[PDB]
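The form deposited in one PDB entry is given below as one chain in structure tokens.
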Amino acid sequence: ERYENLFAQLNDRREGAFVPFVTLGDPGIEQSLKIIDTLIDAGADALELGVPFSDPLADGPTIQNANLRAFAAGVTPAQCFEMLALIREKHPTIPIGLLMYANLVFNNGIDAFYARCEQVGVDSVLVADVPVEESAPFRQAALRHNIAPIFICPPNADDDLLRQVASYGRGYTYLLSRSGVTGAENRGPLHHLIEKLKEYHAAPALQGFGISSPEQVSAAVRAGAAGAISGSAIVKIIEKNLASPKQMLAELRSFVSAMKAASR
């Protein structure tokens, strides 16, 4: 119930949630651990973590390169779970969501993957390539191990989808602001969905895709969303400062402080 607690807390502060994304192991394990602590220290309310996958078909160049850089460092899925445990042993309340692709969770049993998530302290799991029509086994397994199954609500969702998403999801509802793939390279009116989701008692919505500026997060909150997720804008700072780790952390701090301030 990490998400439930955070949201009730943020509401009591009339505040929105700022959730940054990074790929576990980019540019290296040790440096990644360092980036994550900097993220939290600067104000992150929750975390969205992607484990390195060979074929990320829902990601743009920025995030595609994050996976490649991680692969270059030799980060394996088993090494990822080791990283996750340390992050929780350090930060007990922060919600942690995993960005996954289907094969990595089905690979050696759907059940066993979610069991491992529980054992590590993971809070939610979004499988980018599993639509509602195919979620049954992932939904069931997640619920059985106290992991929240994240469902995606596209900007063109009809009543039938909205009702389904509201009913099956938990933790947070991923409100897709745009069509296409991840990328702050190009920007992205969700008032209607936001109201209908609230009507069907869906989990609080977090707006994701294209969010790269302070004004963008304030707008999400004003629309009625409980917060916003930002990945490319974050990963871009890592890409920029690969030769100067210290520079990375410093610039990483300034960006998330600015973004957090915008949710007040």
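Here, rigid core means the biggest group of C-alpha atoms that superpose within 1.5 Å across both forms. So that there is no doubt, residue numbering starts at 1 and follows the sequence shown.
Across the other compared structures of the same protein with both neighbouring residues present, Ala184 lacks coordinates in at least a third.
Gap between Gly183 and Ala184: none; every deposited residue in this span has coordinates. Stretches compared: 46-54, 22-30. Higher mean C-alpha B-factor in the entry: 22-30. Stretches 169-177 and 96-104 differ in mean C-alpha B factor, with the higher average recorded for 169-177.
Considering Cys80, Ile87, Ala142, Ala112 together, the PDB entry gives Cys80 the largest C-alpha B factor. The top Cα temperature factor in the record, among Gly121, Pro137, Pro131, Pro155, falls on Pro155. Annotation for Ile40: CA B-factor lies in the middle third of the chain's modelled residues. When all modelled residues of the chain are sorted by CA temperature factor, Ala66 is found within the middle third. For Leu197, the recorded CA B-factor ranks within the highest third of the chain. Only modelled residues enter the ranking.
As for the form deposited in another entry, it is not shown, yet the points below apply to it.
Here the rigid core is superposed between this form and the one not shown, and of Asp45, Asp59, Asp26, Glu48 the C-alpha of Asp59 is the only one to shift by 2 Å or more.
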